[PDB]
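S.K.: Submitted below is the structure of interest, expressed as structure tokens.
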Amino acid sequence: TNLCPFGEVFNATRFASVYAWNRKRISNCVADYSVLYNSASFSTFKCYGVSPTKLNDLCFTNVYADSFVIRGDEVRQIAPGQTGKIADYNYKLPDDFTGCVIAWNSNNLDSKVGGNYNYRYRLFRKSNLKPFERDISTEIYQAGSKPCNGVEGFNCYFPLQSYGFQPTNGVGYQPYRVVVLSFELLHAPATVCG
Amino acid sequence: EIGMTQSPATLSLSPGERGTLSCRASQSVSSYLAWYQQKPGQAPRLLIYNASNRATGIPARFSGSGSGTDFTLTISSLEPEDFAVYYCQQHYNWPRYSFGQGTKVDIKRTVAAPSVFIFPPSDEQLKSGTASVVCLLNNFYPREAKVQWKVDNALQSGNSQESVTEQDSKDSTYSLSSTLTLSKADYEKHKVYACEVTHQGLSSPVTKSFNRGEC
Amino acid sequence: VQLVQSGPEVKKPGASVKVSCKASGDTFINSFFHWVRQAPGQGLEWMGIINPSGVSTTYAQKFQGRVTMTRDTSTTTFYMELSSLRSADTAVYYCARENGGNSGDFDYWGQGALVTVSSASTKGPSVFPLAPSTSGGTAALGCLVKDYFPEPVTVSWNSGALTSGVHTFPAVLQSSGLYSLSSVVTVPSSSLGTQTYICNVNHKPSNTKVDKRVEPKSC
Ligand SMILES: *[C@@H]1O[C@H](CO)[C@@H](O)[C@H](O)[C@H]1NC(C)=O
């Protein structure tokens, strides 16, 4: 093989909205995960079920690079067993998650003077999302007993709201680009990889 | 809809004490719960959102915990600035929101007996066909106090109105005024007008009185 | 970040009132707006929500068919129109921003707009003194501010020179439809006669300012 293209995900020019989170099924090699950990560019770098140093020391199959954009207060939601707007209705991590949560501030990138619609999120949902479920339905939500016929109005709301990304916003409301690395380790005797 | 219940109705603790406010939901609201502080005469102020997350600029002594149906607001060390009514609010079903009945947080002070004063109707007021006799209960604690109006040993009912002050900012005392309203011809159909007060700080009922003559 | 509401209003029973909420500072995109009222002898009561964009409102069950929430498609002014007003609708009505939704926050609130619903109209208050040789070393003096509409009335003593020991009670609504309260102050009994005591009643709604003389009078 050769090098592994983590630059395509982290250094992407544009990210997907959180409700329509992009998933990058990479499978070329293993890169030096110990290189990405000590990178000061990433402020949130939390791993689960495995230590960051031993990722290159371990062995897995498909490694999914989930990437999307949320706000600073919603960063702590990208974690197992959390709830809220994002964790329940946009991107859900399982209780037995095996991977890492990488996040960094993207106010210098995804914010525009006067707001930045673009990035959106699913407001509500009849039930909480399954783990790794992507809901991209743009159907008008029927909050009352009267049908909506796809019309916005009373008890008929558009299920997606746009983030209002301005540079003058507080850091808790600033855009944060998140990369969720999910990979399925092998099942060898505790000698080869264990 | 979802019903929210806060307990206790009133919590009275000294500065530095640990405060625990409960909020119980009629059904599971997941972590969809928010706490608020409203100081007197002010608009409410968010303290905790999503059950356990501290809002921006909120002092560290405020924290929240709980999920589903039972929620708890904890003030690790109460300060005088925390005298307020605290409301919880649900939002599990996005369109609608309901509030708890509120728990008024008082700065606990030792029980104190009220200083009682009685006031006959005035000269100028009697020129109008109405008479108002006021009984004052000044500086006391707790807020609970019973006021009974008697005219010639006959108890009155339905003809009086009470008014209670907010908790004083310096000595945490309350003040109460009860206004008995009767017609002018009725005020001269009787001689003695008394005001009997009973309170936790009193070992026996206290009564201040006056006769129609005297002055 | 600033939320500015309209001035207070008084309405007859059955009429309608429209409260404005002018907002500035932060992008109101991605920020919903609510309306919550607080009755004088009650807690917070949620009324409804309107989204930043085109209506898509939700009203509480108790206000279904009575409230209409709109926007000013320019000044980012959010309106709350309440029809068929009754005496119980007398309350302070707040507007509040909610980021995101669901959870969100009531981060910032308005100052509140008092709506007073009653059949009566603006009326000046009548003030009567309240005075006791008392029975103890402390004497009590007060002013009875009776029969005025609408709230509030402001009372000071000796043009503000007397502050400690002053207790002004909140107004009480009467069967006549008017408000009445009392403002008292505890002073040393031996000060009666030495210092002159005057209460300063000010009721701006009726352009009324009264300064009665609170001094005991043995007959
Ligand atoms: C992205 O590119 C910058 C330079 O353009 C580099 O410093 C950084 O390491 C890159 N990130 C990744 C994950 O390759």
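Going through the structure tokens in order, the chains are called A, B, and so on, while each chain numbers its residues from 1 and the ligands are numbered from 1 in the order shown.
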Please identify the residues whose atoms come within 8 Å of ligand 1, using only C-alpha atoms and all ligand atoms, and report them as a PyMOL selection string.
M.R.: chain A and resi 5-11+36+39
S.K.: Find the residues of chain C in contact range of chain A, meaning any atom within 10 Å when counting only C-alpha atoms, and list them as number ranges by chain.
M.R.: C: 25-31, 50-59, 99-104
S.K.: Run DSSP on the backbone and tell me which residues of chain A come out as alpha helix (DSSP H); list them as a PyMOL selection string.
M.R.: chain A and resi 7-10+33-37+85-89+107-110
S.K.: Write out, as a tab-separated table, each residue of chain C that has an atom at most 8 Å from chain B, together with the closest pair of atoms and their distance in Å to one decimal, counting only C-alpha atoms, rows going by chain and rising number.
M.R.:
residue	atom	partner	partner_atom	distance
C:43	CA	B:101	CA	6.5
C:44	CA	B:99	CA	6.8
C:45	CA	B:99	CA	6.9
C:46	CA	B:98	CA	6.3
C:48	CA	B:96	CA	7.4
C:49	CA	B:95	CA	7.7
C:58	CA	B:95	CA	6.0
C:59	CA	B:96	CA	7.8
C:60	CA	B:96	CA	6.8
C:94	CA	B:43	CA	7.6
C:101	CA	B:94	CA	7.4
C:102	CA	B:94	CA	5.0
C:103	CA	B:32	CA	5.8
C:104	CA	B:49	CA	7.2
C:105	CA	B:49	CA	6.5
C:106	CA	B:46	CA	5.9
C:107	CA	B:46	CA	6.0
C:108	CA	B:45	CA	7.5
C:109	CA	B:43	CA	6.3
C:110	CA	B:43	CA	7.1
C:111	CA	B:43	CA	6.5
C:112	CA	B:43	CA	7.2
C:128	CA	B:125	CA	6.3
C:129	CA	B:122	CA	6.5
C:130	CA	B:119	CA	6.0
C:131	CA	B:119	CA	6.3
C:132	CA	B:119	CA	6.1
C:140	CA	B:117	CA	6.9
C:167	CA	B:175	CA	7.1
C:168	CA	B:165	CA	7.7
C:169	CA	B:165	CA	5.7
C:170	CA	B:163	CA	6.5
C:171	CA	B:163	CA	7.7
C:172	CA	B:163	CA	7.2
C:182	CA	B:177	CA	7.6
C:217	CA	B:215	CA	7.3
C:218	CA	B:215	CA	5.2
C:219	CA	B:215	CA	5.0
S.K.: Do a neighbour search on residue 9 of chain C at 8 Å with only C-alpha atoms, toss out local chain neighbours closer than 4 positions, and write the hits as a compact mmCIF listing (two decimals) with C-alpha atoms, in the first residue's frame.
M.R.:
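Result file follows (around.txt):
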# COMPACT_ATOMS: atom_id res chain seq x y z
CA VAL C 17 -53.84 43.71 22.95
CA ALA C 113 -44.94 44.48 29.40
CA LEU C 114 -47.75 44.86 31.93
CA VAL C 115 -51.24 44.39 30.48
CA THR C 116 -54.05 45.40 32.82
S.K.: Report as a list in words all protein, DNA and RNA residues lying within 8 Å of segment 186-190 of chain C, evaluated on only C-alpha atoms, omitting residues in the same chain fewer than 5 positions from it.
M.R.: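 Close residues of segment 186-190 of chain C: residues 133, 134, 136, 137, 138, 139, 140, 141, 165 and 166 of chain C.
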S.K.: Rounded to one decimal in Å, what is the spacing between atom CA of residue 2 of chain B and atom CA of residue 64 of chain B?
M.R.: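 Separation between atom CA of residue 2 of chain B and atom CA of residue 64 of chain B: 20.1 Å.
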S.K.: I'd like the neighbourhood of residue 72 of chain C as a list in words, where a residue qualifies if any of its atoms comes within 12 Å (using only C-alpha atoms), though same-chain residues fewer than 2 positions away should be ignored.
M.R.: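 My reading of the contact set: residues 20, 21, 22, 23, 52, 53, 54, 55, 69, 70, 74, 75, 76, 77, 78, 79 and 80 of chain C.
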S.K.: Export N, CA, C and O atoms of the chosen residues as a PDB file, in the first residue's frame?
M.R.:
ATOM      1  N   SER C  20     -45.375  44.191  21.349  1.00  0.00           N
ATOM      2  CA  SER C  20     -44.245  44.096  20.439  1.00  0.00           C
ATOM      3  C   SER C  20     -42.988  43.698  21.202  1.00  0.00           C
ATOM      4  O   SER C  20     -42.899  43.845  22.423  1.00  0.00           O
ATOM      5  N   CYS C  21     -42.008  43.182  20.457  1.00  0.00           N
ATOM      6  CA  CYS C  21     -40.731  42.754  21.034  1.00  0.00           C
ATOM      7  C   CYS C  21     -39.638  43.048  20.003  1.00  0.00           C
ATOM      8  O   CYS C  21     -39.319  42.205  19.161  1.00  0.00           O
ATOM      9  N   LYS C  22     -39.066  44.248  20.087  1.00  0.00           N
ATOM     10  CA  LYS C  22     -38.001  44.644  19.175  1.00  0.00           C
ATOM     11  C   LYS C  22     -36.672  44.065  19.643  1.00  0.00           C
ATOM     12  O   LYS C  22     -36.292  44.220  20.808  1.00  0.00           O
ATOM     13  N   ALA C  23     -35.972  43.389  18.735  1.00  0.00           N
ATOM     14  CA  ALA C  23     -34.749  42.675  19.063  1.00  0.00           C
ATOM     15  C   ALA C  23     -33.614  43.140  18.162  1.00  0.00           C
ATOM     16  O   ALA C  23     -33.828  43.442  16.985  1.00  0.00           O
ATOM     17  N   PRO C  52     -38.050  31.836  13.745  1.00  0.00           N
ATOM     18  CA  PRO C  52     -37.481  33.006  13.053  1.00  0.00           C
ATOM     19  C   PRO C  52     -38.133  33.300  11.712  1.00  0.00           C
ATOM     20  O   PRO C  52     -38.389  34.468  11.394  1.00  0.00           O
ATOM     21  N   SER C  53     -38.418  32.269  10.919  1.00  0.00           N
ATOM     22  CA  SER C  53     -38.943  32.460   9.573  1.00  0.00           C
ATOM     23  C   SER C  53     -40.464  32.570   9.552  1.00  0.00           C
ATOM     24  O   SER C  53     -41.065  33.193  10.436  1.00  0.00           O
ATOM     25  N   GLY C  54     -41.089  31.975   8.535  1.00  0.00           N
ATOM     26  CA  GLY C  54     -42.518  32.095   8.313  1.00  0.00           C
ATOM     27  C   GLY C  54     -43.423  31.380   9.297  1.00  0.00           C
ATOM     28  O   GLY C  54     -43.731  30.195   9.124  1.00  0.00           O
ATOM     29  N   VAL C  55     -43.869  32.110  10.322  1.00  0.00           N
ATOM     30  CA  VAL C  55     -44.894  31.666  11.264  1.00  0.00           C
ATOM     31  C   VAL C  55     -44.553  30.293  11.833  1.00  0.00           C
ATOM     32  O   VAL C  55     -43.687  30.174  12.707  1.00  0.00           O
ATOM     33  N   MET C  69     -49.415  35.081  16.999  1.00  0.00           N
ATOM     34  CA  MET C  69     -48.022  35.515  17.046  1.00  0.00           C
ATOM     35  C   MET C  69     -47.501  35.713  15.630  1.00  0.00           C
ATOM     36  O   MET C  69     -47.528  34.782  14.817  1.00  0.00           O
ATOM     37  N   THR C  70     -47.024  36.923  15.344  1.00  0.00           N
ATOM     38  CA  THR C  70     -46.516  37.295  14.031  1.00  0.00           C
ATOM     39  C   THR C  70     -45.151  37.958  14.176  1.00  0.00           C
ATOM     40  O   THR C  70     -44.636  38.147  15.280  1.00  0.00           O
ATOM     41  N   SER C  74     -38.989  42.627   8.983  1.00  0.00           N
ATOM     42  CA  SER C  74     -38.011  43.691   8.786  1.00  0.00           C
ATOM     43  C   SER C  74     -37.306  44.018  10.097  1.00  0.00           C
ATOM     44  O   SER C  74     -36.125  43.703  10.267  1.00  0.00           O
ATOM     45  N   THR C  75     -38.027  44.631  11.036  1.00  0.00           N
ATOM     46  CA  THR C  75     -37.460  45.111  12.293  1.00  0.00           C
ATOM     47  C   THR C  75     -37.212  43.989  13.295  1.00  0.00           C
ATOM     48  O   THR C  75     -36.876  44.270  14.450  1.00  0.00           O
ATOM     49  N   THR C  76     -37.325  42.735  12.852  1.00  0.00           N
ATOM     50  CA  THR C  76     -37.192  41.560  13.711  1.00  0.00           C
ATOM     51  C   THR C  76     -38.026  41.704  14.980  1.00  0.00           C
ATOM     52  O   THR C  76     -37.628  41.278  16.068  1.00  0.00           O
ATOM     53  N   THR C  77     -39.201  42.311  14.833  1.00  0.00           N
ATOM     54  CA  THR C  77     -40.112  42.546  15.941  1.00  0.00           C
ATOM     55  C   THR C  77     -41.146  41.430  15.976  1.00  0.00           C
ATOM     56  O   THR C  77     -41.843  41.187  14.984  1.00  0.00           O
ATOM     57  N   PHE C  78     -41.245  40.766  17.118  1.00  0.00           N
ATOM     58  CA  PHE C  78     -42.150  39.643  17.302  1.00  0.00           C
ATOM     59  C   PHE C  78     -43.367  40.116  18.086  1.00  0.00           C
ATOM     60  O   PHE C  78     -43.228  40.789  19.113  1.00  0.00           O
ATOM     61  N   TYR C  79     -44.552  39.789  17.587  1.00  0.00           N
ATOM     62  CA  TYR C  79     -45.791  40.299  18.145  1.00  0.00           C
ATOM     63  C   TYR C  79     -46.574  39.179  18.811  1.00  0.00           C
ATOM     64  O   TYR C  79     -46.537  38.025  18.378  1.00  0.00           O
ATOM     65  N   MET C  80     -47.280  39.538  19.878  1.00  0.00           N
ATOM     66  CA  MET C  80     -48.199  38.639  20.567  1.00  0.00           C
ATOM     67  C   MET C  80     -49.525  39.369  20.694  1.00  0.00           C
ATOM     68  O   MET C  80     -49.627  40.357  21.429  1.00  0.00           O
TER      69      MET C  80
END
S.K.: Based on the backbone DSSP call, show me all residues of segment 139-200 of chain B assigned strand (DSSP E or B), as a ChimeraX atom specification.
M.R.: /B:139-141,146-151,154-155,160-164,174-182,192-198
